[PDB]
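Each reported figure results from applying straightforward, stated rules to the coordinates on display, with no laboratory input. Here Cβ is always computed from backbone atoms with ideal geometry, including for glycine, and neighbour counts include all displayed protein chains.
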Amino acid sequence: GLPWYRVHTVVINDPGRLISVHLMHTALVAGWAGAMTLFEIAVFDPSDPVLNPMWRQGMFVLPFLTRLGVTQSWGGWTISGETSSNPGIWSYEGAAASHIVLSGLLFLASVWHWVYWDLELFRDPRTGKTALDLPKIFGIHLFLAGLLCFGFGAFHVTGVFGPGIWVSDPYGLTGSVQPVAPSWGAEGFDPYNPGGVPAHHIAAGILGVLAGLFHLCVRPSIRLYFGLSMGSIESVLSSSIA
Amino acid sequence: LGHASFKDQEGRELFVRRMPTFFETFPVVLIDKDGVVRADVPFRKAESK
Amino acid sequence: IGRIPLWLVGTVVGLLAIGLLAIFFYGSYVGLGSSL
Amino acid sequence: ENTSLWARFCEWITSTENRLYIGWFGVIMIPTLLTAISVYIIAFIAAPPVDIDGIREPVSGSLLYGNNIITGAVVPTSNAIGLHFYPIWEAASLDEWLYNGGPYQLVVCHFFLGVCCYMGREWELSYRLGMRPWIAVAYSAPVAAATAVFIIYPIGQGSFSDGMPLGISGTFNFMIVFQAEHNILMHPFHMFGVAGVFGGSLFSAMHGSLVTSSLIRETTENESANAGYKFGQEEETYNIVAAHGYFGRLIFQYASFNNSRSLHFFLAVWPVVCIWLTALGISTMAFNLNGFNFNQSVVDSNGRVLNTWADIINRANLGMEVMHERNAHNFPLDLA
Amino acid sequence: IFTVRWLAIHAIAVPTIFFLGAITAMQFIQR
Amino acid sequence: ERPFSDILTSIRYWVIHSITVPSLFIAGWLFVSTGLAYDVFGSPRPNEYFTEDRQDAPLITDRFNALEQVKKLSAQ
Amino acid sequence: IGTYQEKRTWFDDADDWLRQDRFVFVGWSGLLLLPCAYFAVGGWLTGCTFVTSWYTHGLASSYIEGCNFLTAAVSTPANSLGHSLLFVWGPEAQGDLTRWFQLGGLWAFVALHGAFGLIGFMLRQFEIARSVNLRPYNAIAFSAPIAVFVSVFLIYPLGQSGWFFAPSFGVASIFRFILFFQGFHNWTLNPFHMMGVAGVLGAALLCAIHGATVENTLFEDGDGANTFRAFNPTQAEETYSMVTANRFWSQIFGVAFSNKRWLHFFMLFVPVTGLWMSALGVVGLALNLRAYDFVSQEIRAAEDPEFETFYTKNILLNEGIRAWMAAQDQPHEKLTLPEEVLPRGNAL
Amino acid sequence: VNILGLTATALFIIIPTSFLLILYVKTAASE
Amino acid sequence: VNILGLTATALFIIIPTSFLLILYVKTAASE
Amino acid sequence: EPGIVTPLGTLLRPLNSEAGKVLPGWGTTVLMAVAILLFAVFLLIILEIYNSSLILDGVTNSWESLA
Amino acid sequence: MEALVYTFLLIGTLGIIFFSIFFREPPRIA
Amino acid sequence: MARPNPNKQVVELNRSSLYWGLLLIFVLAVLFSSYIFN
Amino acid sequence: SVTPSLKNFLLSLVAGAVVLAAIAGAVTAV
Amino acid sequence: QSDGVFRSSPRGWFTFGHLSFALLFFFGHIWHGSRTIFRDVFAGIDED
Ligand code: CLA
Ligand code: CLA
Ligand code: CLA
Ligand code: CLA
Ligand SMILES: C=Cc1c(C)c2cc3nc(c4c5[nH]c(cc6nc(cc1[nH]2)C(C)=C6CC)c(C)c5C(=O)[C@@H]4C(=O)OC)[C@@H](CCC(=O)OC/C=C(\C)CCC[C@H](C)CCC[C@H](C)CCCC(C)C)[C@@H]3C
Ligand SMILES: CC(C)=CCC/C(C)=C/CC/C(C)=C/CC/C(C)=C/CC/C(C)=C/CC/C(C)=C/CC/C(C)=C/CC/C(C)=C/CC/C(C)=C/CC1=CC(=O)C(C)=C(C)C1=O
Ligand SMILES: CCCCCCCCCCCCCCCCCC(=O)OC[C@H](COP(=O)(O)O)OC(=O)CCCCCCCCCCCCCCCCC
Ligand SMILES: CC1=C(/C=C/C(C)=C/C=C/C(C)=C/C=C/C=C(C)/C=C/C=C(C)/C=C/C2=C(C)CCCC2(C)C)C(C)(C)CCC1
Ligand SMILES: CC1=C(/C=C/C(C)=C/C=C/C(C)=C/C=C/C=C(C)/C=C/C=C(C)/C=C/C2=C(C)CCCC2(C)C)C(C)(C)CCC1
Ligand SMILES: CC1=C(/C=C/C(C)=C\C=C\C(C)=C\C=C\C=C(C)\C=C\C=C(C)\C=C\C2=C(C)CCCC2(C)C)C(C)(C)CCC1
Ligand code: OEX
Ligand SMILES: [Cl-]
Ligand SMILES: [Fe+2]
């Protein structure tokens, strides 16, 4: 029988059950993000933006919420020391509740994929067996990642639609969330330059879109398919982990 | 609490040797502008200079 | 083609190796690194 | 005809039918050890503080006196006793017997007798099972190490307080003070011991990987490969020729073990002889033979001292030496 | 010559003898 | 096949190794006895460890001008 | 392969030449292993022979200065260089090989080439195991010391101020590095190091006990007093009695192995797990996340001066290491620490 | 930390122990 | 009893749930 | 026997049909060599900029880059 | 309160040792 | 392939592996309790 | 412009390509 | 009720956890790549 450390090997050959367990893990991660944000807001003391900031209070995902734009809270305060007149729906608790309801919906989707696993979409019609066209799935995922990265780099960080990112003075005294102009020069590869992030995300998104379109268009070769075992799920698991 | 400036009897400005990252307990040394050790909190406190 | 005995070759090589190691050990008491 | 009481007792003692073989070595191994475990559990739980250095500064060492598992340790005997024998009857009261470190001597003596008779019992069961008897010869290396760190070093330094404390933080204290005294890192015997344990880990991984890699396919991928091995079988479970060929084209062809008997003998002999060497290194340090001393060895043409890595090790030894037993030295030279 | 065995032995044998000669020479270097 | 039992027992092997190995030994001897080792590897001689400007261990204390500063702090 | 014609090309010719029996197997990994490992070992042997340490550490670390095999080392670069890769074409060496040897770039050369040689050697075990059709448990085990090398020689100095606090390649320099973690980190007290010690000691015990058990539970197969000539490689029978071994260790120790595959897997598992735990501990120490003190015991000892333990003795000893080490261990700090402030006990 | 560590230790000594007991009894009751 | 309640409630949950789970998987293992 | 037929499954059906349909020969592995070597060059460039082993006219590689 | 936790963990460990020694699965020898 | 799942597997954990798991958990707890309690 | 560090880096890339070609030539020369 | 010893930043905890997880996933990638290349011999050897 299967040993205790081989239990998940039951879903190597099942794409529907694989999607179900991926959704279950993804729901667990989203629920943890929401629960952690609620816990940190519950134990958070905003009574000193200067001498007792969030990194002095051991806040983990609060800087990550802050860095991308979430600065106001539903508690009627702002981490910069101001007063939130109307934080809207995208506050710290708002993002946490959104993560919680996303976790619930993903749990329901995981249950549905666990039950309705036998979908002929997972079966190739040439032989009737269950198989996945991993190069084409990778092309779709790379194309989607390219669109998402380019949108994040051209609409969120640049501020034409989003709020921008956290920009400050070199000594970190003021600090705020501003839209940032992309630096297409060598200074854009300056690690401390905030303008590198929009330029990098725009260029990487465009190149990922092109690579995904190429992967959708062109099939692999005999030598590569038999060498890296592109028809195997442990190969893509190994490389994704890498 | 404000910046601490240390002075000896004849008026030279001594400064503390800031403890590096690797050390958790560091000997306290008040060393001058020229880099000569002028005062400390001596562990010996007998035949201490 | 097997003219010289392998045991004699090994004895000569081991003698040179032992004498060379003795030379190195003698060099630890004279010259540099000998505290003198 | 086996009716007399001593014949029946001898047959029961030498009986291989017991769950654990006792034997005539076990008739000493069992009571001495169970004495040592009993007093060791009791001391580790509720031992009052012990004046290890003889300077009337006691060390708690026990959990009920505020120690955790890492810091908990049976403290060595008082330095005033030294190498004197201190049983309970040689003390007027249990209070001073515990204050002076008597449990440490009792545990050390009973443990030495127990490991010696465990080695004898290993030989005895090898004899009564028709086996070759050198398993006890292999076990003579950890026994040598324990004797060197519990009895031989106290003998060489003149005090049981100088032995390894029965614990974890006490063990680290023993190692640190020992480095201060003897510079054990710079000793060839300790170097062979370190090479032996590192090579023992290497060879354990090598042999296990070679055998587990070369198991004959007798199961599927949904069941454990261990289920392919049936106990009591005579058929071989792995390809010795394939494993030897893999090792030969991995490292060297003519410098590889093509014989499993020689390979297993090498696996047996390497860490055992290296632990023998390091136990003898500790025992030679007990008589103050010490490691390599290279303090101020590299000197330039003008005679100025050129410091080396051995000089930095000397600085570490100084830092340990000026701090170990911070109140037990009334004089500069540490001859005790 | 010009074999893999020859090259593999020589790449670790020629510098070994050269360095052994150098270390033997510097044994006799006095202060 | 040359299982090392023929090459190590042949005078044909040993007539050319009776000159090459001693030649390499003499080359290694002269490489350090002529100061070439100190030249190419930058190791200081026993008489040049300390200069007149400094009587202690040198310190690099810089990164981007380390070449020029180690040239200044070396024994010329 | 796979009922295809598979027209021969230069790749197939190269694969055919690389995967051929010879003295030292090359393979594809030999295109990286042989130069990387050869240059790493040769660089270490050259640094231990000629290249000095007078400018990086102010120390003698080669045979040409008077150091022997134990005290010679390829020294780490200076802390002011930080984590610079110290290329010979970099901004520090700038093409000068002689000054590059004096700048400590040989350490970075040897370390990077040795890391890539470790990668190539484990790829070599992978490629040989695929050539002879064996499972790669050898390099699954060899993943452990590569992780140890990475965590110790790369991850730890990367987390610290620079390559200066990396281990210099040499015996006494490793001893200095070891005593440095004793004094500055209390690396013995770290539970991950505790698991590493347990793994190595258990692996050595397993190796010794398995060799002794096999060699002492052998079958006769004799007509000769030397058992080593009583073995035939081409056979399908066991030469040591597993049943007798199991009975002996069940009646001596209490438990015994009944599965040879599980026994050898355990002999694989113990050192790999121990070395990986030690690597995790060194990664923790890379950020000075030390298991240095027990806080409750510290407050108890501070509020009650009659409470002495071996742990407090170790704390005092580590303070002694840091104090009597810093001045001559870190020349960049310029710690001209006076005598009167150095901790010192009664007399001695 | 005096009792939060107690709770963490309790959870660590039960949850995988209970899980292992589930698997062990699930195998032991099947012949 | 602020966290004594924690440890008491914890063990009161743990011991019967582990007991019942062990005997249940004993039942369910045999078909 | 076919599985559970769904409109979404029939819509995404041609996206997963050619399981095992590959190109003959080596395909675009020269393009593999070109792309992978340029990516290694770019990655090395990034590493040298961030390690300060390569200095440019416009980069600073410090917190005053925020200035 | 920590000492009782330590003593409980160690007596549980000795219990597991005694259990593994004396109530182990017998070898089947089949 | 059918209405029931064809990849129906039985998880096994024998008594020796139970011994190893219990010892691993208890020894890890003994080792790390002094650090968690601090 | 072309800094000295960038120029030395480009020459390093050229030298790496040269030594890779030399290794390939030594391999194909058997 | 602070104890008096210095603590670690969220940056430090992030880096420590991610480096430990990075080495663990290096091992995971090794194990899965070994299972990838050696999938046919995962149950043993061919013995032929
Ligand atoms: C996203 C990465 C990833 C993925 C998808 C997989 C997937 C898989 N692994 Mg793998 N592995 C990974 C990473 C990953 N692994 C890493 C990083 C390591 C190094 C530690 C390993 C080491 C490893 C080994 C040694 C083995 C597998 C095996 C397997 C297969 C069966 C797993 C199973 O049922 O065990 C069951 C798991 C449990 C019963 C619980 C384990 C308890 C853990 C130790 C503590 C609980 C963790 C906690 C809940 C969450 C923390 C994780 C999070 C912070 C990331 C499966 C397909 C097995 C295999 O090869 O199949 C034949 C196997 O032998 N993996
Ligand atoms: C579209 C839905 C959505 C949205 C809008 C958000 C939004 C947010 N999430 Mg979130 N999350 C989601 C889904 C979503 N999440 C899901 C489904 C999960 C479960 C997996 C999570 C789990 C999660 C966690 C655990 C956390 C968040 C956090 C956050 C907040 C900060 C994000 C951050 O950390 O920045 C940065 C994000 C990154 C650095 C990700 C980098 C992606 C890498 C670089 C991709 C590279 C690989 C790629 C394939 C290569 C492409 C190749 C190219 C050529 C194309 C933010 C408000 C954080 C938080 O603060 O809690 C509230 C937090 O810790 N989320
Ligand atoms: C890698 C991700 C990550 C990181 C970087 C952090 C970082 C941080 N967390 Mg957090 N946390 C995480 C994941 C993470 N967390 C998750 C997944 C959870 C859900 C369980 C939590 C729940 C959580 C809470 C409730 C709290 C924090 C808090 C904190 C902050 C204080 C430091 C600390 O954690 O104590 C020290 C960390 C350690 C000592 C790590 C232990 C080292 C290893 C894991 C031990 C090895 C395991 C061992 C075998 C187990 C045996 C022990 C047994 C005997 C009991 C810190 C910045 C505290 C805070 O400041 O409030 C915001 C706080 O109260 N975290
Ligand atoms: C101990 C190291 C190690 C080992 C044994 C393996 C082993 C394996 N890897 Mg892997 N890999 C590694 C490290 C390692 N890798 C690292 C660090 C990465 C980056 C995260 C990768 C990324 C990776 C990917 C993406 C893939 C593999 C794959 C594989 C498998 C196929 C064989 C192969 O192509 O190997 C790998 C070959 C190498 C590691 C050689 C690379 C070395 C280059 C050529 C030298 C570069 C030097 C250059 C001058 C840079 C120096 C600059 C300086 C400043 C540092 C195999 C099981 C493939 C697979 O299918 O898995 C099943 C695959 O998909 N690996
Ligand atoms: C310090 C102890 C130690 C040493 C010296 C060592 C050495 C070795 N192990 C090997 C193998 C193994 N090691 C294994 C498990 C282990 N090995 C361990 C510990 C060690 N392993 C431990 C603890 C384990 C258990 C996890 C396995 C499983 C294998 C093998 O498969 C293999 C073998 O067949 O063994 C018989 C050999 C193949 C190395 C090689 O060619 O790489 C290529 C050469 C390189 C990379 C050049 C070295 C450059 C190094 C990394 C940096 C420079 C260092 C200088 C050259 C020397 C500095 C010396 C000072 C530090 C004193 C090599 C002799
Ligand atoms: C009051 C009291 C009790 C005070 C004491 C307090 C105290 C000191 C507490 C601490 C105690 C404690 C356990 C501390 C250790 C903590 C610690 C560091 C734990 C490490 C934990 C851990 C997971 C580490 C990871 C590394 C790891 C996996 C280690 C495993 C080590 C391990 C079990 C090794 C095996 C040891 C060993 C004895 C093997 C014997 C093997 C054996 C029986 C072989 C015989 C044999 C051989 C054959 O060849 C054949 C053929 C047969 C048939 C056969 O039989
Ligand atoms: C949490 C609270 C519960 C904790 C549970 C802890 C349990 C500890 C109980 C104390 C252990 C004492 C075991 C004594 C068993 C004697 C019976 C026997 O050995 O077989 C008889 C058996 C009888 O013959 P047979 O039944 O025909 O096989 O053979 C013998 O006569 C040998 C007698 C050996 C005597 C030595 C006693 C065992 C020493 C090792 C115990 C070490 C103490 C530490 C315990 C943990 C490590 C194991
Ligand atoms: C042990 C430990 C660890 C791990 C950890 C983890 C793994 C974590 C976690 C965690 C988690 C995992 C958490 C969580 C949470 C969750 C939640 C909180 C959830 C949710 C959900 C909900 C609530 C839903 C609801 C609903 C439904 C039901 C459906 C419909 C919709 C709705 C929404 C209504 C480590 C190793 C790291 C170390 C440290 C410690
Ligand atoms: C650095 C570098 C490089 C590289 C190099 C190389 C790679 C080489 C080499 C080299 C080498 C590789 C050397 C060596 C050395 C060695 C030696 C010096 C040896 C030894 C040994 C001994 C001395 C001992 C012996 C003995 C005896 C007699 C007794 C008993 C046994 C024994 C074995 C112990 C180049 C320039 C390219 C570039 C730049 C960088
Ligand atoms: C280890 C080994 C080996 C070997 C090595 C060697 C090299 C050895 C040697 C050795 C030798 C080379 C020896 C010699 C010797 C001599 C002798 C042993 C003698 C004698 C005698 C006597 C007793 C004397 C006397 C006298 C006197 C008293 C005085 C004067 C007169 C006379 C001289 C008469 C080999 C590698 C092969 C193989 C492996 C193992
Ligand atoms: O007791 Mn334990 O450690 Ca033999 O040295 Mn003298 O005494 Mn005391 O000092 Mn150093
Ligand atoms: Cl002490
Ligand atoms: Fe074996």
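Some points to look at:
- Condition check for G:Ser161: more than 16 Å from ligand 12 (Cβ to nearest atom), outside any helix (DSSP H, G or I) and of a type in the set (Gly, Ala, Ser): yes
- Residue satisfying all of: in region D:245-261; facing chain G (nearest Cβ under 7 Å) and assigned to a helix (DSSP H, G or I); farthest from ligand 13 (Cβ to nearest atom) among these: D:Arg249
- Within region J:5-36, the set of residues being in a helix (DSSP H, G or I) and surrounded by 12 or more Cβ atoms within 10 Å (Cβ to Cβ) comprises J:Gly9, J:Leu15, J:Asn16, J:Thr29, J:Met32, J:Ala35.
- Yes/no for J:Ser53 being surrounded by 13 or more Cβ atoms within 10 Å (Cβ to Cβ), out of contact with any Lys or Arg (no Cβ under 7 Å at 6 or more places or on another chain) and not in a loop (DSSP other than H, G, I, E, B): no
- Residues (at the interface with chain L (Cβ under 8 Å from one of its Cβ atoms) and polar (S, T, N, Q)) located in region A:10-20: A:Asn13
- Check on G:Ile140, within 16 Å of ligand 6 (Cβ to nearest atom), assigned to a helix (DSSP H, G or I) and out of contact with any strand residue (DSSP E or B) (no Cβ under 9 Å at 6 or more places or on another chain): yes
- Residues satisfying the stated conditions in region F:27-36, i.e. at the interface with chain E (Cβ under 7 Å from one of its Cβ atoms) and of a type outside the set (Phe, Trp, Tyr): F:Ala27, F:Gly28, F:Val32, F:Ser33
- Pairs are defined by a Cβ separation below 6 Å, a sequence spacing of at least 6 or placement on different chains, a first member in region D:146-174 that is without any contact (Cβ under 8 Å) to a residue 24 or more places away in the chain, and a second member that is within 16 Å of ligand 5 (Cβ to nearest atom); no pair meets this definition.
- Residue pairs meeting the criteria (Cβ under 6 Å; at least 6 apart or on separate chains; first at the interface with chain A (Cβ under 8 Å from one of its Cβ atoms), in region J:26-46; second surrounded by 11 or more Cβ atoms within 10 Å (Cβ to Cβ) and among the basic types (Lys, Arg)): J:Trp26/A:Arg223
- Pair list, Cβ under 9 Å, 6 or more apart: region G:9-27 residue more than 9 Å from chain E (Cβ to nearest Cβ), other residue surrounded by 15 or more Cβ atoms within 10 Å (Cβ to Cβ) and aromatic (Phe, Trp, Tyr): G:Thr9/J:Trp26; G:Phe11/J:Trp26; G:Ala14/G:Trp28; G:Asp15/G:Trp28; G:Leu18/G:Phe25; G:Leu18/G:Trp28; G:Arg19/G:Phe25; G:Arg19/G:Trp28
- Filter pass, D:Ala92 being surrounded by fewer than 17 Cβ atoms within 10 Å (Cβ to Cβ), more than 16 Å from G:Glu306 (Cα to Cα) and not β-branched (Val, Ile, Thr): yes
- Any hit, region G:225-234, residues being in contact with a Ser or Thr (Cβ under 9 Å, 6 or more places away or on another chain), surrounded by fewer than 20 Cβ atoms within 10 Å (Cβ to Cβ) and on the phi > 0 side of the Ramachandran plot: no
- Looking only at region A:57-70, and only at residues there that are within 9 Å of chain N (Cβ to nearest Cβ) and free of Cβ contacts under 8 Å to residues at least 12 places away in the same chain, the one that is nearest to ligand 2 (Cβ to nearest atom): A:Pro63
- Within region G:313-334, the set of residues being under 16 Å from G:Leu189 (Cα atoms) and within 9 Å of chain D (Cβ to nearest Cβ) comprises G:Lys313, G:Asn314, G:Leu316, G:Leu317, G:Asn318, G:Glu319, G:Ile321.
- Checking G:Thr46 against (1) more than 12 Å from chain F (Cβ to nearest Cβ); (2) touching a residue at least 60 places away in the same chain (Cβ under 8 Å); (3) polar (S, T, N, Q); (4) surrounded by fewer than 24 Cβ atoms within 10 Å (Cβ to Cβ), the condition it does not meet: (1)
- When D:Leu34 is tested against the conditions (1) surrounded by fewer than 18 Cβ atoms within 10 Å (Cβ to Cβ); (2) farther than 30 Å from G:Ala256 by Cβ, the lone failure is (2).
- Identity of the residue in region F:51-76, under 24 Å from G:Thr46 (Cα atoms) and hydrophobic (A, V, I, L, M, F, W, C), that ends up nearest to the chain's Cα centre (by Cα): F:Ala75
- Scope region G:96-153; condition hydroxyl-bearing (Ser, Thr, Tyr) and near ligand 5 (Cβ under 10 Å from one of its atoms); matching residues: G:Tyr137, G:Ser143
- Among (1) more than 7 Å from chain D (Cβ to nearest Cβ); (2) within 16 Å of ligand 12 (Cβ to nearest atom), the one test that G:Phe180 misses: (2)
- Top-ranked residue in region A:76-107 [being in contact with a helix residue (DSSP H, G or I) (Cβ under 8 Å, 6 or more places away or on another chain), closer than 23 Å to A:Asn52 by Cα and outside any helix (DSSP H, G or I); ranked as farthest from ligand 8 (Cβ to nearest atom)]: A:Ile79
- Within region D:195-222, being more than 29 Å from the chain's Cα centre (by Cα) and surrounded by fewer than 18 Cβ atoms within 10 Å (Cβ to Cβ) holds for D:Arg217, D:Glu218, D:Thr219, D:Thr220, D:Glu221, D:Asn222.
- Here G:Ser80 meets each of (1) polar (S, T, N, Q); (2) touching an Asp or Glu at 6+ places or on another chain (Cβ under 6 Å); (3) part of a loop (DSSP other than H, G, I, E, B) with one exception, condition (3).
- Verdict on D:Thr212 being part of a helix (DSSP H, G or I) and within 14 Å of chain N (Cβ to nearest Cβ): yes
- The set of residues in region D:278-310 being closer than 19 Å to C:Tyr29 by Cβ, loosely packed, with under 14 Cβ neighbours inside 10 Å and either charged (D, E, K, R) or more than 14 Å from chain G (Cβ to nearest Cβ) (or both) consists of D:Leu289 alone.
- A residue that is within 16 Å of ligand 9 (Cβ to nearest atom) and assigned to a loop (DSSP other than H, G, I, E, B) occurs somewhere in region G:100-114.
- Residue within region G:239-250 that is in contact with a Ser or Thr (Cβ under 6 Å, 6 or more places away or on another chain), at the interface with chain D (Cβ under 9 Å from one of its Cβ atoms) and of a type in the set (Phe, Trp, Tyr) present: yes
- Only residues that are more than 7 Å from every other protein chain (Cβ to nearest Cβ) and either of a type in the set (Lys, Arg) or assigned to a helix (DSSP H, G or I) (or both) were counted across region A:187-242, and they come to 29.
- Applying the set (1) at the interface with chain D (Cβ under 8 Å from one of its Cβ atoms); (2) within 24 Å of the chain's Cα centre (by Cα); (3) outside any helix (DSSP H, G or I) to G:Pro343 leaves exactly one unmet item: (2).
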